[PDB]
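Novice:
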Amino acid sequence: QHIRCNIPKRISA
Amino acid sequence: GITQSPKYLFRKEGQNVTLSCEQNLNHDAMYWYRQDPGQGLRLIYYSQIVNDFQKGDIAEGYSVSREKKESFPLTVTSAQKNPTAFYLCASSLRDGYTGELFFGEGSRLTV
Amino acid sequence: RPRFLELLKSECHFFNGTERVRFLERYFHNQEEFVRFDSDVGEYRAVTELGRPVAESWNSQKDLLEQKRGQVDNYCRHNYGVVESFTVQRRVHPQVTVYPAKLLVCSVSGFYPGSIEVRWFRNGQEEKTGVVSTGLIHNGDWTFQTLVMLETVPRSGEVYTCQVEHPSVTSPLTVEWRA
Amino acid sequence: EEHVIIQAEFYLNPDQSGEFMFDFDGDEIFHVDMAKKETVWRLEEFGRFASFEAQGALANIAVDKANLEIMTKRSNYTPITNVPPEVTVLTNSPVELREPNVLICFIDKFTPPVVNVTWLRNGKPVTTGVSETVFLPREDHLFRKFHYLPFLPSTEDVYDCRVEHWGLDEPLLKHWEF
Amino acid sequence: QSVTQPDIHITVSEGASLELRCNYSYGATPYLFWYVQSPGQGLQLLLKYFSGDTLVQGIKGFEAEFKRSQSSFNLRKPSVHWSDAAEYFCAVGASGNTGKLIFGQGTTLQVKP
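First to last, the protein sequences are chains C, J, B, A and I.
The entry's author numbering numbers the first residue of the first sequence as -1 and each following residue consecutively.
The entry's author numbering numbers the first residue of the second sequence as 1 and each following residue consecutively.
The entry's author numbering puts the third sequence at residues 4 to 105, 114 to 190.
The entry's author numbering numbers the first residue of the fourth sequence as 3 and each following residue consecutively.
The entry's author numbering numbers the first residue of the fifth sequence as 1 and each following residue consecutively.
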């Protein structure tokens, strides 16, 4: 039903 | 990891108690649930990024604001005879996930 | 004034419906991919030595991996399923019109999907010489338009036929032009 | 191969503008109006059959910002080399003198994604009923964008599409007239 | 999107075996969790399941199996302990997807000698 969205990793600081 | 307080907050009627929730886990999203006995936790409000926030299922008579990434305080208007229940607070991060929920100890409201 | 661009594309590649799926998470900086995750590979791989310290950090967190691994399922097949309903199975059939510029044009317009087959014919014979196409043009709004000139200065009484085929009409559309 | 679905997003400094969008085989499924916090379907009618959580697109962009900053500083702060746009103007269907038609200004192969586009009727800026696509992603990681002017074809009308960009020496005009 | 715990109160002996059961609304590739809560406090995550491996482990020797076919994600212990008496909650990662978790009404569990 909903379009799932892929999440970018936060770049290590 | 999440600190709610105070744990027990008995309150008069027509009073707008506000439940505080702080977290030093550096999580991005933050949630409030109310556990009414026998039933699960029901979603009240949750905020996915700072300064935004969206209604959950039982959101009538509650409001929340997300000025800080660490703080998400739930204000219980005398909206409904909802109030006399146990309030729970959680957070989680997104890097890859969609992290699992992390839970505060929760507080009991009374009237 | 100086510009800086961070950029992320999340790619879902579908072969044979969704039999074979392949998933790419690609991180760019100013037209430079420095690290990607390839579902065909399993771990984060660095593309330029600029992303090597990033991909070494990211494969250390074994939680991250497991999770990213299943996007081919959780993310890719999932989104396909949702939208196949109006993207994959989307057919809008062409709007064909023949006319000579002021030498002969065949103007197919507003159709989906891309794949299309135009052929010119002279008196029931397939012309293969003077075929000069503008190729498949994207209209940007889920429609395509293409034009196919035929290089002929003709004679009276001849019949030219433009023959369009497309996955949205089984028997071919055919338009006519008598000299 | 058969189908390719791409979720292409980005954050450009110092303009501080973001974009999130879904690409199906070239065409836009939707994007997210960052300001209004809205999901926005490339065609109204997509709304019926699927839904998107607009907030999600924000939390993503806000990571790409964080990334951006750390990535700029991990590269002596080297700026992005401009690629100027090539521009093509065309009508969405064969032209008829008094049939209503629509002009497409198709800006192609460029970066960074920012343009100051204008429509020009007989030389004067038009604003009546124009629609414009958001920035769309190419295989080479350069950008596309379309623009649309509905018009009444007349024999006494000449239209131009005025694209600007920081790769161009001088503002480019693509002139279509009948 | 939706989860349901069928047992409301399960009693059982100390040393026995445990299986609090939980079913999920049809979903393909949903994310599932088991939480446990001692009276008055918050929920600990016992274990989760995004994808891949069919059987996962948790804290205090817990276990859970994902029977795709079954639409079931049931919690297990081979040797229960007195400590374990609390309310247990089953929760599903909801629906294309956050973030937000949906909880089953939760089956509580007491244990006797």
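We put the beta carbon where it would ideally sit given N, CA and C, even for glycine.
So, using beta-carbon positions, are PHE137 (chain A) and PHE148 (chain A) closer together than 7 Å?
Specialist: Cβ distance not < 7 Å, so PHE137 (chain A) and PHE148 (chain A) don't count as in contact.
Novice: I believe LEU53 (chain B) touches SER118 (chain B) by the beta-carbon criterion, under 8 Å. Please report the beta-carbon distance rounded to the nearest angstrom.
Specialist: No, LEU53 (chain B) and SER118 (chain B) are not in contact; Cβ-Cβ is about 48 Å, not under 8 Å.
Novice: Quick test of your reading: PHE103 (chain J) and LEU88 (chain J), contact by CB under 8 Å. State the CB separation rounded to the nearest angstrom.
Specialist: Rounded, the Cβ-Cβ distance is 6 Å, consistent with contact.
Novice: Assess, as a yes-or-no matter, whether the region 45 to 61 of chain J is touched by the region 18 to 32 of chain J under the definition of 3 or more beta carbon pairs within less than 8 Å.
Specialist: They touch, by the three-pair rule.
Novice: Drop a sphere of 10 angstroms on the beta-carbon of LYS12 (chain B), count the other beta-carbons inside from all chains shown, and report buried for 16 or more, exposed for fewer.
Specialist: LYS12 (chain B) comes out buried.
Novice: To the nearest angstrom, how far is it from the Cα of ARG44 (chain A) to the Cα of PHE24 (chain A)?
Specialist: Cα-Cα distance, rounded: 10 Å.
Novice: Under the assumption that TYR161 (chain A) contacts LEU122 (chain A) (Cβ atoms under 8 Å), give the Cβ distance between them as a whole number of angstroms.
Specialist: Correct: roughly 6 Å between the Cβ atoms.
Novice: In the DSSP assignment, the alpha helix (DSSP H) including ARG72 (chain B) goes from what residue to what residue?
Specialist: Residues 65 to 72.
Novice: Any C-beta of chain C sitting closer than 7 Å to the C-beta of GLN92 (chain B)?
Specialist: Output row for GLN92 (chain B): interface = no.
Novice: Report yes or no: do the region 64 to 78 of chain I and the region 14 to 29 of chain I share at least 3 C-beta pairs separated by less than 8 Å?
Specialist: The region 64 to 78 of chain I, when compared against the region 14 to 29 of chain I, does touch it at the 8 Å Cβ threshold.
Novice: Provide the residue(s) that pair with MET30 (chain J) in DSSP beta bridges, ordered along the chain.
Specialist: Bridge partners of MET30 (chain J): J:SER47 and J:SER91.
Novice: What alpha helix (DSSP H) runs, 4 residues minimum, are completely inside the region 14 to 91 of chain A?
Specialist: Taking only runs of at least 4 residues, the alpha helix (DSSP H) segments lying wholly in the region 14 to 91 of chain A are 48 to 51 and 56 to 75.
Novice: Sort B:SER42, B:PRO178, B:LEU161 and B:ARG166 by Cα distance to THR172 (chain B) and report the nearest one.
Specialist: The option with the nearest alpha carbon to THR172 (chain B) is B:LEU161.
Novice: In whole angstroms, give me the CA-to-CA distance for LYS71 (chain B) and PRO6 (chain J).
Specialist: Roughly 39 Å between the two C-alpha positions.
Novice: Could you confirm whether any beta carbon from chain B is found closer than 7 Å to the beta carbon of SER25 (chain I)?
Specialist: Output row for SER25 (chain I): interface = no.
Novice: Using a Cβ-Cβ cut-off of 6 Å (strictly less than) and excluding sequence neighbours within five positions of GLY169 (chain A), which residues of its own chain qualify?
Specialist: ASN84, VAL85 and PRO86.
Novice: Assign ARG8 (chain C) to one of three DSSP states: helix, strand, or coil.
Specialist: If DSSP states are grouped into helix, strand and coil, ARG8 (chain C) belongs with coil.
Novice: Give the interface partners of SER118 (chain B) over in chain A, defined as CB-CB distance under 8 Å, in chain order.
Specialist: Neighbours of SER118 (chain B) on chain A, chain order: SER95 and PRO96.
Novice: CB-CB under 8 Å to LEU101 (chain I), same chain, minus the five flanking residues each way: which ones, in chain order?
Specialist: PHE33, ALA91, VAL92, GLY93 and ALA94.
Novice: Looking at the structure shown, is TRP153 (chain B) part of a helix, part of a strand, or coil, going by DSSP?
Specialist: If DSSP states are grouped into helix, strand and coil, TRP153 (chain B) belongs with coil.
Novice: With a threshold of 16 other CB atoms inside 10 Å of the CB of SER17 (chain I), please say whether the residue is buried or exposed.
Specialist: Label assigned to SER17 (chain I): exposed.
Novice: In chain order, what residues of the region 6 to 33 of chain A put their CB closer than 9 Å to some CB of chain C?
Specialist: Residues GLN9, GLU11, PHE22, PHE24, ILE31 and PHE32.
Novice: Using a cut-off of 9 Å between C-beta atoms, extract the partners of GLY42 (chain I) located in chain B.
Specialist: The premise fails here: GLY42 (chain I) is roughly 22 Å from chain B at the closest Cβ pair, so nothing lies under 9 Å.
Novice: Between B:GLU36, B:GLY84 and B:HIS177, which lies nearest to residue 108 (chain B) when the distance is taken from Cα to Cα?
Specialist: There are no coordinates for residue 108 (chain B) in this structure, because the numbering of chain B runs from 105 directly to 114.
Novice: Verify whether the separation of the beta carbon atoms of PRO5 (chain B) and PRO81 (chain A) is less than 7 Å.
Specialist: Against a cut-off of 7 Å, the Cβ pair of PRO81 (chain A) and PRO5 (chain B) comes out as a contact.
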